[PDB]
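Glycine gets a Cβ as well: all are built from the backbone with ideal geometry, and neighbour counts include every protein chain shown. What follows draws every value from the coordinates through simple rules; no lab data is involved.
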Amino acid sequence: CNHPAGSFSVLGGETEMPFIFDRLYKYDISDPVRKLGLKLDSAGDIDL
Amino acid sequence: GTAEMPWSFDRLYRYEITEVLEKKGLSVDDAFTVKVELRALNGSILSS
């Protein structure tokens with residue numbers, strides 16, 4: 001596997017107030033899966 | 001124990017506080033603080 005699927009940034013600096021996120025961040029990766037063609041519901045044969 | 005893989009929850013976990021806050025003598029708008037104390041069965045206190 002060398003299939004690109006997307007990317008996103010993270011904001012970070014050494015002078016940061018230590019913090020944490022209370023919720024699970026969500027990202028959209030449906031389109032590359034659709035292009036690969038394996039059915040989305042039967043996603044039991046993939047991994048990232 | 002000792003032989004469990006490092007597991008992290010998907011999201012946060014909730015506990016009920018409405019009754020204790022209302023019986024404290026203050027409403028939701030007031031500013032307060034929440035303290036958490038640990039007690040292991042070892043016979044000591046761990047890192048809060």
Cut-off is 10 Å between beta-carbons; in what order do B:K23, B:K35 appear when sorted fewest neighbours first? B:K35, B:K23
Per-residue average of other protein chain Cβ atoms inside 10 Å, peptide B:6-17 -> 1
Globularity index of chain A, i.e. its alpha-carbon radius of gyration over 2.2 N^0.38 Å: 1.63
Within the set of other residues whose C-beta is less than 15 Å from the C-beta of B:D30, count the net charge using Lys and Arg as +1 and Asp and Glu as -1. 0
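Hand me the tally of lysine pairs in the protein assembly as shown: alpha carbons under 24 angstrom apart, and the pair either on different chains or 8 or more positions apart. Let's see the in-between values first.
Details: A:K26/A:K35; A:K26/A:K39; B:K23/B:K35; B:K24/B:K35.
Total qualifying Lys-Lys pairs in the protein assembly as shown comes to 4.
Sort B:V28, B:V34, A:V33 so that the residue with the fewest other Cβ atoms within 10 Å of its own Cβ comes first and the one with the most comes last. Don't skip to the answer; put the middle values down first.
Values: B:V28 8, B:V34 5, A:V33 15.
With the fewest neighbours first, B:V28, B:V34, A:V33 line up as B:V34, B:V28, A:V33.
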Please state, to two decimals, what the Cα-based radius of gyration of the protein assembly as shown comes to when divided by 2.2 N^0.38 Å (N = residues). 1.76
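Using only helices, what value at 222 nm comes out for chain A when you add -39,500 (n - 2.57) per DSSP H run of length 4 or more and divide by the total residues, to the nearest 500 deg cm²/dmol?
Working: 1 runs with 7 residues, N = 48.
For chain A, the value works out to -3500 deg cm²/dmol.
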Per 10 angstrom bin, beginning at 0 and ending with the bin that holds the maximum distance, the Cα pairs of chain B fall in percents of 15, 32, 34, 16, 3
